[PDB]
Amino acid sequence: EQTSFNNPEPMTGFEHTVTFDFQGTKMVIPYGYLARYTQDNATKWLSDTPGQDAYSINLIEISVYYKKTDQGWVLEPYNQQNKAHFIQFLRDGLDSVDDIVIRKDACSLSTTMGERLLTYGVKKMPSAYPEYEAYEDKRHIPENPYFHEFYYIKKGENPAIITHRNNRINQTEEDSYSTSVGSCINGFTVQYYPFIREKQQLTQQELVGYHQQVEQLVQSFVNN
């Protein structure tokens, strides 16, 4: 199948969609979520190619700008208001834009991850969400006094594990948190490092809030 880059730069992110075929599953993505697939200083954007069915692929990476509001963090495609952040991200990666990796694949998250955390001495914590179980590990380790990890596990039909962790190793450094999310959403595995430019510790509400938008977004692509 032939590739083309014949869509102009977005103002809303919703001007065009690109249609993908994942082993027979149709995904229809608003092109503003596809910042990685542009040419000429992001003036040419990936497009559907007439004559061809749909890009037949195994995986796609969407990109979202994350923004503080008074109702919380929201995720946005490329638009005229946030464009400078995406352009900085495309230039060197140093802006508040995250990559979400979507693959059509069997879910490989076990239902026994929580058991394994507890088996290793991670502590079970009360959770702000009924659908999540929450875990924390802040053991004193002699050669790393800054160790701190959180885990949030969603089960049911669309499981997820969220790991938020302090990366600081030296006394001379500031605390530096980072997050990984592995999940399964309606036949896709969806893996990402959210809040990529955030060094500060995040609450369960900020993490789960982010992921809830990721699910809704991914489900919007297949729903049509």
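Counting begins at 1, following the sequence as shown.
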{"item": "Mean temperature factor over C-alpha atoms, higher-scoring stretch between 94-102 and 68-76", "value": "68-76"}
{"item": "Mean temperature factor over C-alpha atoms, higher-scoring stretch between 14-22 and 198-206", "value": "198-206"}
{"item": "Chain-relative CA temperature factor third for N223", "value": "highest"}
{"item": "Third of the chain's Cα B-factor distribution that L46 belongs to, per the entry", "value": "lowest"}
{"item": "CA B-factor placement of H164, once the chain's modelled residues are sorted into thirds", "value": "lowest"}
{"item": "Third of the chain, ranked by Cα B-factor, where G182 sits", "value": "lowest"}
{"item": "Ranked against its chain, the third holding the CA B-factor of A134", "value": "lowest"}
